[PDB]
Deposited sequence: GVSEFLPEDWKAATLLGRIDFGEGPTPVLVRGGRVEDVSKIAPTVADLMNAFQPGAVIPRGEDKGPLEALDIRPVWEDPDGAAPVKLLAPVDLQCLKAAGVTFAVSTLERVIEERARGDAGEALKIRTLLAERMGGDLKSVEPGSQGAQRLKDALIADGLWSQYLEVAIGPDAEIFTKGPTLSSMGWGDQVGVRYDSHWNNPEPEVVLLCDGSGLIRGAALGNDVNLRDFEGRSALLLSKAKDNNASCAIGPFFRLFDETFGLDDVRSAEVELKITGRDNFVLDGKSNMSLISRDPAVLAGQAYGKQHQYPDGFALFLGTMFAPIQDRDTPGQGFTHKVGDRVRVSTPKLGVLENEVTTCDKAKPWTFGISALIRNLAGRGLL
């Protein structure tokens, strides 16, 4: 069932992704429900977005027929890759960037509720800032007053700095071409004991720093590493198969735009072999920094991205549901299936294993170059 991970109105949508039809990764546009191989128009997704700015007509690629007729199978049904067609992550040459601590209200309230083990705390804090904590504006003067009041209470932390300060937390999620897509295995380090998915929306940005579309993401996260030291953030975020993006980027058009991202309800479901089930659901409406503002902090006068970039927008999901150890929260088991979904983008589903058991990352930039050159696409 291919149709089950697509947006509800996907035949009216413009989807952009990558498919291996048997000869290597191929940029595809899905329009009118039909797949177009656009590799002769541009050999990569990054190249396509740079060749056709917003507002430009993208010509038609080679007809590959209806999308739901392609024999696409996920890894948990097709371990050996018997399928004649493989769906890939919809990024290729883009840098993989991620924002974190973008939902500042829940960060603040979790700090307060940890201190309370609350009314008096929220009262004095809101009066120093000059308004309700639910209205905190990161990087504002009210946020500076809140910062100082929190330093005075002994509640300040480096996480609150990126929650309400002028600079958002933005980091490199993984190397270019290393992302997993729909139906792939994702990896948690074998030496991580406390880890979780992070259900997110991922923006697609072109080499001019313009937002072009959005996909779902799983920012696989190793809590025990980051908890020992924030300087292990990279090691908690960037390992073999630790990034999943997909199934397609949905491009902005008459049917879909950034305002639909701004109000998207993102759902998470984790299903284990042990019959564990976890559900979580969170609205992008509560994000404390606008997606365009986050993109503008990643890209501007002081950082460019000539091949474009993808940007995870962060999450307010908290992995506090106990699984097997009371008090310590969630952690993955091998074989967990993780679904991240939202109606306008479809469903990103992956299966969890450890980083050493997932297939190694072998198809890098040089591998792509040789593949594209051998096909005459350059």
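Student: What portions of the deposited sequence, indexed from 1, have no corresponding C-alpha atom in the structure?
Tutor: Missing from the model is only the stretch 118 to 122.
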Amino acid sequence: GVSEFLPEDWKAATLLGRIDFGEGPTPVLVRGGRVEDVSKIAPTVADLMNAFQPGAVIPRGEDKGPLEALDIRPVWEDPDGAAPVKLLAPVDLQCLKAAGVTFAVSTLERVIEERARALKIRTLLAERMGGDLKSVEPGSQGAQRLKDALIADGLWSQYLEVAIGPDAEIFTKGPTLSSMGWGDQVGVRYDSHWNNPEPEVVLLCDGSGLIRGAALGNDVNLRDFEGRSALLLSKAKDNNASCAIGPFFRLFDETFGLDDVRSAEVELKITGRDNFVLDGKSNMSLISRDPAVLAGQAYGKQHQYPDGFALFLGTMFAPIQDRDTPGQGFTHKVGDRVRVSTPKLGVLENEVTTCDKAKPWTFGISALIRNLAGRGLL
From here on, numbers count along this sequence of modelled residues.
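Student: Mind pulling up the entry and telling me whether 86 to 94 or 146 to 154 has the higher mean Cα temperature factor?
Tutor: The entry gives the higher C-alpha B-factor average to 146 to 154.
Student: Taking the mean of the C-alpha B-factors per stretch from the entry, tell me the winner out of 354 to 362 and 7 to 15.
Tutor: It is 7 to 15 that shows the higher mean C-alpha B-factor.
Student: Given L119, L286, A215, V188, identify the residue with the highest C-alpha B factor in the PDB entry.
Tutor: Highest C-alpha B-factor among the listed options: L119.
Student: Sort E109, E169, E161, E200 by C-alpha B-factor from the entry and give me just the highest.
Tutor: Among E109, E169, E161, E200, the highest C-alpha B-factor in the entry belongs to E109.
Student: Mind checking which third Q304 falls in for C-alpha B-factor across the chain?
Tutor: Tercile = lowest for this residue's CA B-factor.
Student: Consider only the C-alpha atoms of the modelled residues in this chain, order them by B-factor as the entry records it, and name the third containing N196: lowest, middle or highest.
Tutor: Answer is middle: the recorded C-alpha B-factor places it there.
Student: By its CA B factor, does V136 count among the lowest, middle or highest third of the modelled residues in the chain?
Tutor: It falls in the top third of the chain.
Student: Report the third (lowest, middle or highest) to which the CA temperature factor of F52 belongs, ranking only the modelled residues of the same chain.
Tutor: Tercile = middle for this residue's CA B-factor.
Student: By its CA B factor, does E265 count among the lowest, middle or highest third of the modelled residues in the chain?
Tutor: Answer is highest: the recorded C-alpha B-factor places it there.
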